[PDB]
Amino acid sequence: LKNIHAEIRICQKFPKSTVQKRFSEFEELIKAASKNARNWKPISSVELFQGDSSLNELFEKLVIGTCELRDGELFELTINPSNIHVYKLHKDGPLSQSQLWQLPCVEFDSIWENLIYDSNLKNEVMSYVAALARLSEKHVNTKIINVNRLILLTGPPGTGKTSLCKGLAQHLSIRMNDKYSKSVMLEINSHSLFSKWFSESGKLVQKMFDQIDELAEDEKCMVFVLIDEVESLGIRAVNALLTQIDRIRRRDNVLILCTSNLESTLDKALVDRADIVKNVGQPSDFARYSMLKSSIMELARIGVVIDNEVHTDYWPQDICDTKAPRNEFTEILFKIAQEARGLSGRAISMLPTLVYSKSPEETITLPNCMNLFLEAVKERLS
Amino acid sequence: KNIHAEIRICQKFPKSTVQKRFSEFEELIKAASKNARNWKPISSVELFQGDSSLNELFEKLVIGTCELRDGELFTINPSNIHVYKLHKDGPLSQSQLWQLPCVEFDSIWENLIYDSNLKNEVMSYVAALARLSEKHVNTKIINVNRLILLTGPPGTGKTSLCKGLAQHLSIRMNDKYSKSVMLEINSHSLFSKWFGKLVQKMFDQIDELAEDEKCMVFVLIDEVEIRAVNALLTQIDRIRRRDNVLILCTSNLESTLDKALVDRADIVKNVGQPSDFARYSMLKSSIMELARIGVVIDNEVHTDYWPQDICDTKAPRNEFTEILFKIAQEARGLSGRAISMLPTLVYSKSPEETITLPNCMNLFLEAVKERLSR
Ligand SMILES: Nc1ncnc2c1ncn2[C@@H]1O[C@H](COP(=O)(O)OP(=O)(O)O)[C@@H](O)[C@H]1O
């Protein structure tokens, strides 16, 4: 496939100066890792029969991803060394000032891979926003070609729009790391803390955006602006906000992301200002299963769910495309997903800890796990 | 299927010698299990038979299981059986910091009485959050906020439940956590009135304590009900991210202030109907308020014989407290809101504008029966 990217996280103790010098060894790693890899699914180690274990001394985690393939697809390759980016995440943490995030940070790193959708939504947003960023970096005339530098995600509260914005900025900061030396993200109104004072109205919306502006005045640095619960905000201040929004988007090295927890009453002013408006719905039956399966598999990783009676093949597998014979356990779990139609994405993430409390035993058997999960679902719906 | 055991040991005896006699403890707990109450303490004195040497070591033992009801009267793991040693004097103010398990919190869990099996549900759920956290479950796959909000009227002993919960967790997670510490903020509603800069400071000290991975950190914020609030919520997040911490919150409002915290909470549990002991607390609080005002004045009866706090459910009770508890039983149906409005009706019945303690009891009792009817 023509354009595929690779993100590689090195150690802090690994000197960045030597990276370009040992760049050849990284490319060998990527060739070996691609022999068995899933799209956008991170590999943390090169195991036996997959290549020299000395390749493990190079990286902490690598991701190989493309927008040409489905979100989970396995590869079957030609990767230009310009699309492979090496990075180290900052652990500095969020700062009070409206929270400032240093990108890429430790907190955002595992978001993207764990976001589950059935509509190829992740690929669509990723590729489109990358195009907006790529164009903007190349200083496109806004008059000739219309680039708003704003993106809007809408849907119910449980769909994880914020997580999309976090993870999206995480990837873009790495993707564009050759173009930008430093990358920051400013998050506003998380959650609805800003809105009440904003409803009361104040002058400091200007003051807040003026600081973003200074950070935007800094070139070779891209800034991300996330705005949560937009309609909780949007009244003298909403004009200042929109005016301040307009000032910010004019910069080439800036990108603003909005999320609206309300559906079907979108503010006309924001839709008009958006490059793209994406609706994120509550997960479908296939997506619900995927989340439930991921929860169980994670519960098994930490040793919460252990069962030696049933083997890996018999364990619930990926149910994608109905291309494999659905195991009864795979089927029973799917039946649970059918019972969990009302539950949101966040609610499904909440389910495991409720299941854990119900279980008497310190460790849950797989057959009982299915039974407990079903009970929690029913209890959560009531 | 799931049973734990906790054992308090005298400050004298070392921790190794107890480990040597550990096997004897297992055989002892099984024997003590035969005749026992769930989640109720068994004293060393209770059984003189067996070893005086083994009984010299421990002060009391508590056997608890979440599958059984609270007081029911009816299978051992060395890990499931824990061994704790009380911190004699750990309350220091700055907000307060507690070293767990402490002596003060040690007897409160057994004195909490709910009609709704509330203790077991909360115990089980918070334990699940504690275990999941300790195993470092990925947040992005399985969402664990490690923040818990408990809501109910001022008489239902919410903050005590949090204290007793953190006490038992430090003992249950004894093997995983070497040290356990709890910070209690805003008890009660004191920090907002104070004018801050201190909230950033005290939370920074928690961060320092929470830096130790072996340490277990509890943060209890009670009476939760613009710049100071944001700063408080931000600090909550930085702690919330840590794997070794747990945030316990109590609110007097059932549902008025939801947006900020409810979303952050793993679970929001309501206490439910007030128990007999809860309604007693609300009735006593009203009478003392009427006394402070000057509505209820009695110079014949001394302060010792006035209604007192029932800290121990089986301790001796004064004649007046025994009466007020009876009246609290009389009002089984009334909600917390109804009981808090009774004093107005009580004062209405009194012709004297000034009320003695015996007449205060009679008028409260009448007011209770009239509001039940109507
Ligand atoms: N599609 C999904 N896949 C995996 N987890 C999800 C999904 N949707 C929601 N979640 C979980 O629910 C939470 C919702 O996060 P957030 O982005 O704040 O939701 P929203 O932006 O819709 O309010 C996330 O932390 C995530 O763990």
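Residues numbered from 1 in each chain as written, not as in the entry; some residues may be left out. Chains lettered and ligands numbered in written order. Part of a larger assembly, values for the part shown. Heavy atoms only, no water. Residues with missing side-chain atoms left out of burial classes, pairs and counts.

Peer 1: Got a sec to walk through the overall build of chain A? Specific residues and values, please.
Peer 2: When helices and strands are tallied, chain A shows 13 helices and ten strands. Projected onto the principal axes, the alpha-carbon positions of chain A cover approximately 65 × 60 × 35 Å. (Helix = DSSP H or I, 4+ residues; strand = E, 2+ residues; numbered from the N terminus.)

Peer 1: If you had to explain the overall build of chain B to someone new, which residues and values would you point to?
Peer 2: Counting its secondary structure elements, chain B contains 14 helices and eleven strands. Computed over C-alpha atoms, the radius of gyration of chain B comes to 23 Å, within 12% of the 21 Å expected from 2.2 N^0.38 for 374 residues, which places it in the range of a compact globule. Judged by the C-alpha coordinates and their principal axes, chain B covers about 70 × 60 × 35 Å. (Rg over C-alpha atoms; globule rule 2.2 N^0.38 Å.)

Peer 1: Report on the side chain of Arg131(B), specifying residues and quantitative values.
Peer 2: Looking at the secondary structure, you find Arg131(B) in helix α4 (residues 118–134). Despite its burial, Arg131(B) remains without a salt bridge, the nearest opposite charge being carried by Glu362(A) at 4.2 Å. (Buried < 20%, exposed > 50% of the residue type's maximum accessible area, 1.4 Å probe, protein only. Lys, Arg positive; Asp, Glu negative; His and termini not counted. Salt bridge = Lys/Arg side-chain N within 4 Å of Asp/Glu carboxyl O.)

Peer 1: Outline the packing of helix α10 (residues 285–301) of chain A against helix α13 (residues 366–381) of chain A, listing residues and values.
Peer 2: Residue and element names in this part refer to chain A. Running from N to C, α10 and α13 point in directions that differ by 130°, and their axes come no closer than 12 Å. As summarised for this structure, α10 and α13 are arranged oblique, according to the angle between their axes. For the pair α10 and α13, the sense of crossing is right-handed. Packed against α10, whose contacting residues are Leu292, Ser295, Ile296 and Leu299, the element α13 presents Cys369, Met370 and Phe373 at the interface. (Axes fitted to C-alpha atoms, helices over the stretch in contact; angles between N-to-C directions. Parallel < 35°, antiparallel > 145°, perpendicular 65-115°, else oblique. Left-handed = near helix turned anticlockwise from the far one by under 90°. Contact = heavy atoms within 4.5 Å.)

Peer 1: Got a sec to walk through the interface of chain A and chain B? Specific residues and values, please.
Peer 2: In this assembly, 28 residues from chain A lie in contact with 27 residues from chain B. Looking at the side of chain A that touches chain B, the elements with two or more residues in it are α2 (111–114), α5 (193–200), α10 and α12 (345–358) of chain A. At eight residues, the largest contribution of residues to the side of chain A that touches chain B is made by α12(A). Grouping the constituent residues of the side of chain A that touches chain B by class yields eleven nonpolar, eleven polar and six charged. (Nonpolar A, V, L, I, M, F, W, Y, C, P; charged D, E, K, R; others polar.)

Peer 1: So what about the pattern of salt bridges? Which residues, and what values?
Peer 2: On inspection of all chains with the given rule, the structure shows 40 salt bridges over all chains. Residues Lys358(A) and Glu379(A) are paired through a salt bridge, measuring 2.9 Å at the closest nitrogen-oxygen approach. Of this pair, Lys358(A) sits in helix α12 while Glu379(A) sits in helix α13, and the two are 21 residues apart along the sequence. On the basis of relative accessibility, which here comes to 41%, the residue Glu379(A) falls in the partly exposed class. Here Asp70(B) makes a salt bridge to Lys119(B), at a shortest N to O gap of 3.3 Å. The same class applies to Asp70(B) and to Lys119(B), which are both buried. Residues joined by salt bridges that share partners form a network here, namely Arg9(A), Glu60(A), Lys61(A), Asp109(A) and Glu113(A).

Peer 1: Before we move on, could you go through the sheet that holds strand β3 (residues 84–87) of chain A and cite the residues and values that matter?
Peer 2: Residue and element names in this part refer to chain A. Read across the open sheet, the three strands follow the order β2-β1-β3; overall the sheet is mixed. Strands at the two margins of the open sheet, each flanked by one partner only, are β2 (61–65) and β3. Sheet twist, expressed as the mean angle between neighbouring strand axes with direction ignored, is 15°. Both strand β1 (residues 5–9) and β2 contribute to a ladder of five bridges, which runs antiparallel. Paired with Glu7 across the bridge in β2 is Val63. Contacts between helix α4 (residues 161–175) and the sheet are confined to β1 and β3, with β1 contributing the most and set at about 95° to the helix. (Pairing = 2+ DSSP bridges.)

Peer 1: Provide a residue-level description of the site of the ligand, including the pertinent values.
Peer 2: Around the ligand, 18 residues are found, and the nearest of them are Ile116(A), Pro157(A), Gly160(A), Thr162(A) and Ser163(A). Looking at what sits near the ligand, you find residues from chains A and B. Within the backbone of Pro157(A), a nitrogen or oxygen atom sits 2.5 Å from an oxygen atom of the ligand. In the environment of the ligand, an oxygen atom lies 2.7 Å from a nitrogen or oxygen atom belonging to the backbone of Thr162(A). Protein chains bury 84% of the 570 Å² of accessible surface belonging to the ligand in isolation. Only α4 and α12 of chain A provide two or more residues apiece to the shell around the ligand. The class makeup of the residues in the shell around the ligand is six nonpolar, nine polar and three charged. Mapped onto the domain boundaries, the shell around the ligand takes at least three residues apiece from domain 2 (89–283) and domain 3 (284–382) of chain A. (Near = heavy atom within 4 Å. Polar contact = N/O pair within 3.5 Å; in protein donor to acceptor, adjacent residues only side chain to side chain. Areas by Shrake-Rupley, 256 points an atom, 1.4 Å probe, with all protein chains shown as cover. Domains from an automatic or database assignment.)

Peer 1: Go over the packing of aromatic side chains with me, naming the residues and quoting the values.
Peer 2: Residue and element names in this part refer to chain B. Enumeration over the complete set of coordinates arrives at ten aromatic pairs over all chains. Ring centres of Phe25 and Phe58 lie 6.2 Å apart, and the angle between their planes is 80°; on these two criteria the pair is classed as edge-to-face. Separated by 33 residues along the polypeptide, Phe25 in helix α2 (residues 22–34) and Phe58 in strand β3 (residues 58–64) bring together distant segments of the chain. With respect to class, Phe25 is no different from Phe58; both count as buried. (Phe/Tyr/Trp six-rings, centres within 6.5 Å; stacked < 30°, edge-to-face > 60°.)

Peer 1: Account for the domain arrangement of chain A, naming residues and giving values.
Peer 2: Here chain A is partitioned into domain 1 (1–88), domain 2 (89–283) and domain 3 (284–382). The straight-line distance from the C-alpha centre of domain 1 of chain A to that of domain 3 of chain A is 31 Å.

Peer 1: How would you summarise the domain arrangement of chain B if you had to cite specific residues and measurements?
Peer 2: Along its sequence, chain B is organised into domain 1 (1–85), domain 2 (86–273) and domain 3 (274–374). If you average the C-alpha positions of domain 1 of chain B and of domain 3 of chain B, the two centres end up 40 Å apart.

Peer 1: Residue-level account of the UniProt feature "binding site: ATP" in chain A, with values.
Peer 2: All names here are of chain A. Per the UniProt entry, the sites bearing "binding site: ATP" are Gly155, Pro156, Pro157, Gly158, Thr159, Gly160, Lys161 and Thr162 in this numbering. Residue position: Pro156 is located in the loop between β6 (150–154) and α4. Among residues more than four places away in sequence, those in contact with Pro156 are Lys161, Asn261, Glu263, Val280, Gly281 and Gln282. Along the polypeptide, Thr159 turns up in the loop between β6 and α4. Since its relative accessible area comes to 8%, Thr159 is described here as buried. Setting aside its immediate chain neighbours within four residues, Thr159 contacts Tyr117, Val280, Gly281 and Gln282. (UniProt positions renumbered as here; feature names shortened; annotations may be inferred.)

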